[PDB]
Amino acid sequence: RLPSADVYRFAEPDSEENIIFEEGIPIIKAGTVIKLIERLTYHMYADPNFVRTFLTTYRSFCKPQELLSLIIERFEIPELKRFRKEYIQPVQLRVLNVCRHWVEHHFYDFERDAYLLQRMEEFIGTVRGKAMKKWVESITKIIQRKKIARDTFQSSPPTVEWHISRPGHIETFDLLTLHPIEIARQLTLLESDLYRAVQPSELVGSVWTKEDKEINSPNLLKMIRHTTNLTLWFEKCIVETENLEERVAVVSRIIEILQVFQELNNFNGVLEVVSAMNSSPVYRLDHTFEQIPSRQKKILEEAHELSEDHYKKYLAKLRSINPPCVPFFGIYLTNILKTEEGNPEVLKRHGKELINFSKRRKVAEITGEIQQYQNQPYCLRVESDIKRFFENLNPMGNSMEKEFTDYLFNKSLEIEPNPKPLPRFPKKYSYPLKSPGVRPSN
């Protein structure tokens, strides 16, 4: 029935040397690249979970150019009445379905590689056939829509809040001059847009830590860099305020921003404040935290407790709230890296190497959890000048990260030296330190 090895590479029988399954549509555990492509375009049934997971994770084991060459060759299949009807036509329609999902959900590969797109359009444009016309036409319209695209409140959003800095006075914008409510809202819109922009393939096979990270993971990198710039800027605001009374005002203002992040269910923001508060230069400031009111200390402790016991309280709090929210991104990076490190790239059976597909699938299920929260818009107005201020945060300046964190700790040792005495430092703020609070204006 199926073709011989001398004419087709996709029709060798299944064995423990080329394809292994998990414990109805079977679920592939590991297999050769040829075996994966074959099951990806299996003539017996439709497999949307495998199609979706394969196109998200394939870059970890196959190059885009190689995948196109293999699916084109899988399509080219050389009793002839039933051979075309039950084997050639179903496989060719499965190949076209794979091209459709590929161009629709992963167009960035055709954007990054112009020659890849040239080959894909050449392949689709040469198909012809009877039932393939409708397939060639939907695929063509998707490539058209993607090429063109590359080239709203449900209710009244609250009034934008201002404090010392008047609107448009961008040169005075700072932690204590902007309104703490507006800082949290504007940072939540910025973080919400960053969260929503991340694609699942940016998180596969640790590509964001490899040589071509800027191309493969630009949205993920933007998200981690925002977290680093915000957390380090909060710490810099704290240790660079040498006067103790003014430093209490600064730390206390950051706690107020975290409370507005909690009202907004921006967990990403909450844990960036907790991260700055737990950092080595800030966490050891006993004289500063002694002055922080009890209610405010309790708010910071309950925020920390979300992380405790492998984020037990965070995971329970996240699944109980209603939209909108901004989930804590770091836990996904943590669980994905644990998966990448604790599972082997390949499985060996009978001296043969099989790609570990279950490893990729476990990583793809974590990215699916990410995606379930990417359609939650906030009923908040953007303030372009405040958004720009946070987008342009550069606490590190022209320094390496380690050199700047070393400086932050040394500043902490300077402002709060035991048994060395506690020096008094002059005031740096020439405006009122009192917060306008976190209650909106009705």
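Start at 1 and count along the sequence shown; that's the residue number. Definition used throughout: the rigid core is the maximal C-alpha set that superposes within 1.5 Å between two forms.
- Farther from the shown form on average, by C-alpha root mean square after a core fit in 7 other deposited structures of this protein, is 130-138, of the stretches 130-138 and 246-254.
- Annotation: of the segments 120-128 and 91-99, 120-128 departs further from this form in 7 other deposited structures of this protein (C-alpha atoms, root mean square over structures and residues, core superposition).
- The modelled chain breaks after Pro417 and resumes at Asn418, leaving 1 to 3 residues of the deposited sequence without coordinates.
- According to the entry, the deposited sequence places 4 to 9 unmodelled residues between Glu23 and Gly24.
- Remark: stretch with higher mean C-alpha B factor among 125-133 and 227-235 is 125-133.
- The stretch 94-102 shows the higher mean C-alpha B-factor when 249-257 is compared against 94-102 in the entry.
- Between the residues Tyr311, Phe75, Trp162, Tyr195, it is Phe75 that shows the highest Cα B-factor in the PDB record.
- Sorting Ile331, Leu285, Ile148, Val326 by the CA temperature factor given in the entry leaves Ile148 at the top.
- Ranked by Cα temperature factor within the chain, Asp174 sits in the middle third according to the deposited record.
- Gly269 sits in the lowest third of its chain by CA B factor, as recorded in the PDB entry.
- Among the modelled residues of its chain, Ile139 has a C-alpha B-factor that falls in the highest third, as given in the PDB entry.
- When the modelled residues of the chain are ordered by C-alpha B-factor, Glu86 sits in the highest third.
- Ranked by C-alpha B-factor against the other modelled residues of its chain, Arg112 falls in the highest third.
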